[PDB]
Amino acid sequence: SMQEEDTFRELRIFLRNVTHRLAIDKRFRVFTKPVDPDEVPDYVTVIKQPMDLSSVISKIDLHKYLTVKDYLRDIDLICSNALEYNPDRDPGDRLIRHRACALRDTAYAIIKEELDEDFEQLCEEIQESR
Ligand SMILES: Cc1nnc2c(NC3CCN(CC(C)(C)F)CC3)cc(C(=O)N3[C@@H]4c5ccccc5C[C@H]3C(=O)N[C@@H]4C(C)C)nn12
């Protein structure tokens, strides 16, 4: 219905705003664009599902997220990919892992403070019915 399309549009507006706030944070610069194979040569082989904030914006605009839970699965993926590709004790690895964990905690903290639980429940019930 049109009222359901209004719901999903509001969801996309909310998701773009959260994504933009993550993208402008200087600590999350390395997550703003897809990992470049030429700059990080052993990446695209080890990481089967690459994910970054520009790809998240593209998925919002293609109507790929019908709930915040689906959006959070992709945020979790940016963090899990960084932990998998950088598991060493080296400070360079530890820095990316900390920035990844921080990116994930920030997205969860924004959503915990700003997302109305009934709005998410409405998104989930429309999704489940389709
Ligand atoms: C995401 C993601 N997950 N893991 C990593 C990572 N790992 C490095 C691999 C090398 N070791 C060296 C050590 C410690 C073993 F000596 C440190 C950890 C590096 C980058 C990263 O610094 N990028 C930079 C960047 C900048 C803007 C937007 C996106 C990106 C993405 C990525 C890239 O493809 N190019 C940039 C360039 C400076 C290499 N991102 N990244």
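Atoms within a ligand are numbered from 1 in the order they appear, just like the ligands themselves. Starting from 1, each residue takes its place in the sequence as its number. Hydrogens, waters and symmetry mates are skipped; everything else that's a heavy atom, side chains included, is used.
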All pairs passing salt bridge (charged side-chain N to carboxylate O under 4.0 Å, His left out) where residues 10-32 contributes a residue, at least two apart: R16-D61, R21-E114, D25-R27

Show me the pairs that pass salt bridge (charged side-chain N to carboxylate O under 4.0 Å, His left out) and involve residues 37-60, at least two apart or across chains.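 The answer is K59-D74.
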
Within 6.0 Å of CZ in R73, more than 12 heavy atoms from elsewhere: yes

Checking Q127 now: which residues fulfil side-chain hydrogen bond (donor to acceptor under 3.5 Å, both in side chains) with it, not counting sequence neighbours? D70

Note down each nitrogen or oxygen pair, ligand 1 side and protein side, whose separation is under 3.5 Å; give only atom names and the distance to 0.1 Å.
residue  : atom   : partner : partner atom : Å
ligand 1 : 4 (N)  : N86     : ND2          : 3.1
ligand 1 : 7 (N)  : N86     : OD1          : 3.0
ligand 1 : 34 (O) : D36     : N            : 2.8
ligand 1 : 35 (N) : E39     : OE1          : 2.8

Side-chain heavy atoms of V68 within contact of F119, under 4.5 Å: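 In short, these two side chains do not touch, never coming nearer than 4.5 Å.
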
Is there a path from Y108 to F31 through hydrophobic residues (I, L, V, M, F, W, Y) whose side chains come within less than 4.5 Å of each other?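 Yes: a chain of side-chain contacts under 4.5 Å links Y108 to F31.
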
